Amino acid sequence: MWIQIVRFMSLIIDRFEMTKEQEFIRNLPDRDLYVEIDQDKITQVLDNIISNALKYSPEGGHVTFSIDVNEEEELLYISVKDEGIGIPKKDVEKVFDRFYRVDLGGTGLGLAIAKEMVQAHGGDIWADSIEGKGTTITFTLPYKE
Ligand SMILES: Nc1ncnc2c1ncn2[C@@H]1O[C@H](COP(=O)(O)OP(=O)(O)OP(=O)(O)O)[C@@H](O)[C@H]1O
Ligand SMILES: [Mg+2]
Ligand SMILES: [Mg+2]
């Protein structure tokens with residue numbers, strides 16, 4: 001089954017934008033884009049990435065969501081950017097590994113789950129980060145329309 005990913009994400013962000021206190025910025029197209037992934041799996045992917053962005057963010061920092069369309073590859077690129085503590089250069093591609101944490105204390109599965117779910121549905125995921133400036137997590141999903 002297919003879901004309209006723009007609507008879907010807006011509602012996810014809305015439930016985060018409306019609870020407690022933190023800013024949320026959007027680069028989301030007025031386009032009818034569909035992905036074939038169960039609601040609950042894509043929810044876990046996004047919840048896990050958003051949870052990290054907020055957990056590791058300071059001040060009234062911005063979390064920015066983007067969806068960009070690669071028509072040639074038939075892929076959407078979905079990204080979550082924060083202005084948080086960032087990730088050490090040597091660790092940036094360890095962060096998706098099961099139980100891996102940058103520093104007894106914590107689980108370290110959020111991003112492993114996100115990777116497994118994205119990959120199972122034909123996408124890929126990566127982290128771009130500068131220690132002390134912030135992190136972008138980006139994943140792809142096949143789409144139609
Ligand atoms: N947005 C981010 N900014 C800075 N560091 C991050 C960010 N996202 C993840 N990390 C680092 O990557 C590690 C792995 O993240 P992941 O979500 O898998 O585990 P966790 O948040 O530590 O635990 P869990 O999500 O299972 O409760 C984190 O422990 C943290 O060091
Ligand atoms: Mg986490
Ligand atoms: Mg693959």
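Atoms within each ligand, like the ligands themselves, are counted from 1 in listed order. Positions are given from 1 along the sequence.
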Strictly under 2.8 Å, is any N, O or S atom of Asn52 next to the Mg ion (ligand 2)? yes

Linked, directly or transitively: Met18 and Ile25 (ILVMFWY side chains, under 4.5 Å): no

Heavy-atom distances under 4.0 Å decide this one: backbone, side chain, both or neither, for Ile87 against ligand 1? side chain

Between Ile50, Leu111, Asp47, flag the one that comes closest to atom 18 (O) of ligand 1 by a heavy atom. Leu111

For a 4.5 angstrom cut-off between non-hydrogen side-chain atoms, does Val45 reach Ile42? yes

What protein heavy atom sits nearest atom 13 (C) of ligand 1, and how far off is it? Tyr100 O, 3.7 Å

Below 4.0 Å from ligand 1: does a non-hydrogen atom of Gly84 turn up there or not? no

Would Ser79 and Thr138 count as a side chain to side chain donor-acceptor pair (under 3.5 Å) if you check the C-alpha gap in whole Å, the side-chain angles of each, and the deciding distance to 0.1 Å? CA-CA 4 Å; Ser79 70; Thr138 306; 4.5 Å; no

Main-chain N/O of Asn27 paired to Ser66 side chain as donor or acceptor, under 3.5 Å: no

Checking contacts here: is it the side chain or the backbone of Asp82 that comes within 4.0 Å of ligand 1, counting heavy atoms only? Could be both or neither. side chain

Could you measure the distance from the CG atom of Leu111 to the OG atom of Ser51? Nearest 0.5 Å is fine. 9.0 Å

Just jot down the ligand 1 atoms closer than 4.0 angstrom to any heavy atom of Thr107, in number order. 26 (O)

Using a 4.0 Å cutoff against the non-hydrogen atoms of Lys55, which atoms of ligand 1 qualify? 21 (O)

Do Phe24 and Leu28 sit in the same hydrophobic cluster, where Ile, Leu, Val, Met, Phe, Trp and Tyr count as joined when their side-chain heavy atoms come under 4.5 Å apart? yes

So do the side chains of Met9 and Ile78 get within less than 4.5 Å of each other, counting heavy atoms only? yes

Is it possible for you to say whether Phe96 and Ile50 belong to one hydrophobic cluster, with membership spreading through side-chain heavy-atom contacts below 4.5 Å? yes

Within the distance-only criterion (no hydrogens, no angle test), does the side chain of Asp97 pair as donor or acceptor with the backbone N or O of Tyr100 below 3.5 angstrom? no

Checking the N or O distance criterion of under 3.5 Å, is ligand 1 in contact with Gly110? yes

So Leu54 and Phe16, side chain to side chain contact (heavy atoms under 4.5 Å, CB included) or not? Walk me through it. CA-CA 10 Å; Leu54 304 177; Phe16 282 103; 4.0 Å; yes

Can you tell me the protein heavy atom closest to atom 19 (O) of ligand 1 and the distance? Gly108 CA, 3.1 Å

Here the atoms of ligand 1 under 4.0 Å from any heavy atom belonging to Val102 are 31 (O)

Using a plain distance cutoff, I'd like to know if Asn52 has any nitrogen or oxygen under 3.5 Å from a nitrogen or oxygen of ligand 1. yes

Closest non-hydrogen protein atom to atom 12 (O) of ligand 1, residue and atom name please, with distance? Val95 CG1, 3.4 Å

I need the nearest protein heavy-atom contact for atom 30 (C) of ligand 1: residue, atom name and distance, please. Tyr56 OH, 3.5 Å

Same cluster (ILVMFWY, side-chain, under 4.5 Å), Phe8 and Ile49: yes

So for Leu109, does at least one of its heavy atoms come nearer than 4.0 angstrom to any atom of ligand 1? yes

Atom 4 (C) of ligand 1 has as its nearest protein heavy atom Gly86 O, 3.4 Å

Is it the side chain (CB and beyond), the backbone, both or neither of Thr135 that lies under 4.0 Å from ligand 1, heavy atoms counted? side chain

If we only consider heavy atoms of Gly106, is any one of them less than 4.0 Å away from an atom in ligand 1? no

